[PDB]
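Consider the single chain below, provided in structure tokens and representing the form deposited in one PDB entry.
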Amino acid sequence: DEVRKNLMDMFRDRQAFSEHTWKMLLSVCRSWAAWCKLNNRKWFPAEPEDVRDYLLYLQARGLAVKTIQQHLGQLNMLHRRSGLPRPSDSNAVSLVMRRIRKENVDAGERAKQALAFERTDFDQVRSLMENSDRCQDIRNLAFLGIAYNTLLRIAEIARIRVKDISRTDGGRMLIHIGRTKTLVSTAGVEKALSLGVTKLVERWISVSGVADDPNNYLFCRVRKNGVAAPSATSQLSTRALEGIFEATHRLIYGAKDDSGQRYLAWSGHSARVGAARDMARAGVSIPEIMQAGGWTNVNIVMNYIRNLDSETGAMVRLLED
């Protein structure tokens, strides 16, 4: 009755979230309704007893703990934004989730992260791709240069556009990073390419002709002939950028298994992780690293370098003296 109004307002300001959240909200509501109408359950308002059976179902489907959490999570957001009791506030639900988390991690489940794209990998890739002339092997080598030199997220590298680019009297470029994705942007408001990586990006800037219009997105599509098609309305999808990583990896280690494992070949974050791991080996303080990446937590970074010989622990040092 009243909830209906809440829902209308919930929608009136749908702008209060990312299209990416709404994707999952809907994506899960779907899965919920689906499961309900097949078991005879009112998908809304959801009854704790039902949700439980549901969550317990996703576990049987093989989904990871993090996913079951997103499902339960979106289910909540839906109910909270309607003056309604969220299923997590029910003693049955929170009780099974604790059951599941333990059951799964205990069963051996485990969280993974991107495959590192370290320095050694930038040099190898710079070698075979360096002397190429193709209007693509150029673009790609410059995207990789930026990925590892600014640890920027792919979605950020996409939005970059010539205007943003400028230069330092040192003879190195400086990508202005306007339009952040946070009020208090933990990373800089300016990322600066090295010397080499500057040259490499320039090469692409000429051969592409994106230079013309400044509102043009630095990176763009490149058809089967070898001609870039600059634009200022559409940006090179994140999916494409991921591919650029995927491809380069394949060009050196063949194809992925028949297996279904994730992170078998480089991906969007592969730069960041590698970047992190290198600064570590170098001796950069955690505060310097955390910022160079725009990280706020400190565990996430320790996660990427948890297997270096430098972070082995005090007991080891003690035993070898």
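Numbers follow the displayed sequence, beginning with 1. Superpose the two forms; the largest set of C-alphas matching within 1.5 Å is the rigid core.
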Mean C-alpha temperature factor, higher of 31 to 39 and 276 to 284: 31 to 39
Of 182 to 190 and 77 to 85, the stretch whose C-alpha atoms average the higher B-factor in the entry: 182 to 190
Candidate set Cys135, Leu144, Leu151, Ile100 [ranked by C-alpha B-factor, highest]: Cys135
Out of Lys66, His269, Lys256, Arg52, highest CA B-factor residue: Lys256
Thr296 - Cα temperature factor, lowest/middle/highest third of chain: middle
Assigned third (lowest, middle, highest) for the C-alpha B factor of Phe17: middle
CA B-factor ranking of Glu246, expressed as a third of its chain: middle
Chain-relative CA temperature factor third for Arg159: lowest
B-factor third for the C-alpha atom of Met10 within its chain: highest
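Another form, the form deposited in another entry, is not on view; read the next lines as being about it.
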Conformational change between the shown form and the other one, one of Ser234, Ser132, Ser185, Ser127, C-alpha moving 2 Å or more after core fit: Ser185
Did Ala16 shift 2 Å or more between the shown form and the other one, C-alpha, core superposed: yes
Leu183 and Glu156, C-alpha gap in that other deposited form relative to this structure (3 Å or more): closer
In that other deposited form, shift in Cα separation for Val301 relative to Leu183, 3 Å or more: closer
